[PDB]
Every structure is written in structure tokens, then in C-alpha cells.
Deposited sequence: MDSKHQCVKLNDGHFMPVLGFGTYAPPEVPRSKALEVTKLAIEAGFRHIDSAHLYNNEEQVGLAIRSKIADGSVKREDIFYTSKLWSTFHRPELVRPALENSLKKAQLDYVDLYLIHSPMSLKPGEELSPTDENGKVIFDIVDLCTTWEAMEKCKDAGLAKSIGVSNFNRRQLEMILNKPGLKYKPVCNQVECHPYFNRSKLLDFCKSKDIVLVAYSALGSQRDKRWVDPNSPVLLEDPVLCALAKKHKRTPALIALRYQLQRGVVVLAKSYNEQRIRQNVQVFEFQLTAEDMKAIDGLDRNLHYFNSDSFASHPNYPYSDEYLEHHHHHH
């Protein structure tokens, strides 16, 4: 089920992650997004950067056309890529995403990252980008607007903007038991901003971005022991951890069995001692860790 956002709309608390790397054929996103909807997912997370909005959109329209769901039962997110932070570019970028997906609106549009790129880094006052996001909500192109990859200071930037019209409903950020974002979660909760966790199953470990020496979250012994205790799986422990701390959680799978398994997160719960054991895993490990952005001026992890 769902959480009420600070603008009055509702967001399902489990979301289907749609990114797959370039070597995966583009048609696969169609197949797996249809399987997700069948399995029970109602929140679908995409982005311009994912080069899959056409296929993800066709999956959603297909499941509407066969009568499985109504458009209003689906919560679709897209994201403004970082070459489009200049405010005059924000509405056209969102209109392009809508045209690719063949939708009239997105349920949620995010600023994908604070790290602006040449429309090579760019310097852009993200307050101005945010005003343009607000106009997209006023026009009905996005029911809700939010940000992604912002740290506390960068969110405060927006919350403290003179003439602010809409707070971000959410901040979608890397978050899992090795990097659990407790303090940022407490700050988001204090401002009625939902934290949405990505790489909640430990990421896809892409060689472009992730050190292969980094520990593999789903092989963690504490998670494996809890999975045995509950006769579930390490992935389900990881997802359930997030729901119990009030985090909305995404889960990418392009495998039919695991897609179906991930919806079991609703079927069990963890005790306080389990939760404390998980919280014990925090080690400041963001799987994104590359020179390609660690040196950006708005890199979020420099705080």
C-alpha cells in the first residue's frame, strides 16, 4: 500500500526499478515491466537517462488496455537528466519523456541529481531549476515533484528558497544497510519529505561506477542469518528493513522469479532486535564511487 506525500498525492511504498545496462536488449524493459505489474507492482521508476521510457510506457499502456490496471492505479516516475537543469530546458525535457512513454502526465518528476552537466560540468543555481519544476506541476505535466541524490544542505537550499511554492515530496537516494542514511532520513521525516531508497538490494555493481572489491550486500552474513530465521531471502530482508523505517523502497529485477518474490515484502515483519542487527551493518559504503563525479562541485557525498 501507500504513503501520503506532502502535496496530498499517494505513492506506493514498493517501486519497480527499471534501469538495465546498455548490453541488455531494449525490448526486455517491455517484458519485465509487464511482469512487475502482474506481480503486484504499482510504482514504476524510470528516467530519461535509462533509454527505456518508450518500452516502460508501452508496458504500462498494454496493462491498461488488457484491463489489469487503470492509469490512476499506476504511479510512474521519470527524472530530469543533469544536462537539462537550465530552467528553460526543464519543461521541454519533461514533455519529451511524456511523448516517449506516451503518457499525459507523470505521477512524479525528479531532478535526477544535483550534479549539473554542460547542456564537462555546468554551474547552475538549482533553485532556478526547481522553479521550473514547480511550473511543470502547475501545468499538470507532473502530479508531484521531488529531487534525487540531494544531501541535507542541498535540500535546505530548496526548502529555504524565497517564494518556494512546492516542497519536494521526496528525495530518492542510495540507501541500504551498508549506507543507511539514518541522519538524512531523520531530516527528511522532520520536513515531511519521503526518502526513497535506490540500490536497496546492493546495486547492479556496474563496472563503470562500482568498485568490485566492495562487499556484496546480498551475501552479507547478518542478512543471510535473518533470511534463514524468517525463511525468506536476503533481498526480502533488505527490502523489509526499509519499509519498517518509513522508507519507500525500489527493487530492480529483470528476472521473472525474483520480480514475483519481491512483492513478498508485505507478508512478514522484522522484530526490533532484527532491525537493530541490520542497523549494525552501516559502514558509509556508497556503491557509487567514481572519480567521474566525486570531483563534481555539487557531489552530494562531500558532506
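Engineer: Tell me which segments of the deposited chain sequence are not represented by C-alpha atoms in this structure.
Structural biologist: Holes in the chain trace, numbered from 1: 1-5, 125-137, 322-331.
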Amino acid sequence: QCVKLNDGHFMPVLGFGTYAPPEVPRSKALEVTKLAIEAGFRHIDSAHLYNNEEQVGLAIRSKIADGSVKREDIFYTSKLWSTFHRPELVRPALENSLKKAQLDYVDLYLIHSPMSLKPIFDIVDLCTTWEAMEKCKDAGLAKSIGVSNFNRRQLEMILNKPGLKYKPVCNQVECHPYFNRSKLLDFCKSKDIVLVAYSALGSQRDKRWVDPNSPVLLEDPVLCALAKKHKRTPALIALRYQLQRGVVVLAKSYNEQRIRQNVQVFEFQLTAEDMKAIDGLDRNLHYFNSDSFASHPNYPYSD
From here on, numbers count along this sequence of modelled residues.
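Definition used throughout: the rigid core is the maximal C-alpha set that superposes within 1.5 Å between two forms.
Engineer: Going by root mean square C-alpha distance after a core fit, say whether 291-299 or 277-285 is farther from the shown form in 9 other deposited structures of this protein.
Structural biologist: It is 291-299 that deviates more in 9 other deposited structures of this protein.
Engineer: Can you let me know which of the two, 160-168 or 145-153, has the higher average C-alpha B-factor in the entry?
Structural biologist: Mean C-alpha B-factor is greater for 160-168.
Engineer: Could you settle it for me: does 6-14 or 288-296 have the higher average Cα B factor in the PDB entry?
Structural biologist: In the deposited entry, the stretch with the higher C-alpha B-factor mean is 288-296.
Engineer: Out of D220, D107, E174, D73, which shows the largest CA B-factor listed in the entry?
Structural biologist: Max CA B-factor in the entry, restricted to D220, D107, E174, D73: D73.
Engineer: When the CA B-factors of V90, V216, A200, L103 are compared as recorded in the entry, which is the largest?
Structural biologist: Comparing C-alpha B-factors across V90, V216, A200, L103, the maximum falls on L103.
Engineer: Mind checking which third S27 falls in for C-alpha B-factor across the chain?
Structural biologist: According to the entry, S27 has a C-alpha B-factor in the chain's highest third.
Engineer: Quick check on the deposited entry: does the C-alpha B-factor of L270 sit in the lowest, middle or highest third of its chain?
Structural biologist: Lowest third.
Engineer: In terms of the CA temperature factor given in the entry, to which third of its chain does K252 belong: lowest, middle or highest?
Structural biologist: Lowest third, going by the recorded CA B-factors of the chain.
Engineer: Ranking the modelled residues of this chain by C-alpha B-factor as given in the entry, is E53 in the lowest, middle or highest third?
Structural biologist: Answer is middle: the recorded C-alpha B-factor places it there.
Engineer: Rank-wise, by C-alpha B-factor, drop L94 into the lowest, middle or highest third of its chain.
Structural biologist: According to the entry, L94 has a C-alpha B-factor in the chain's middle third.
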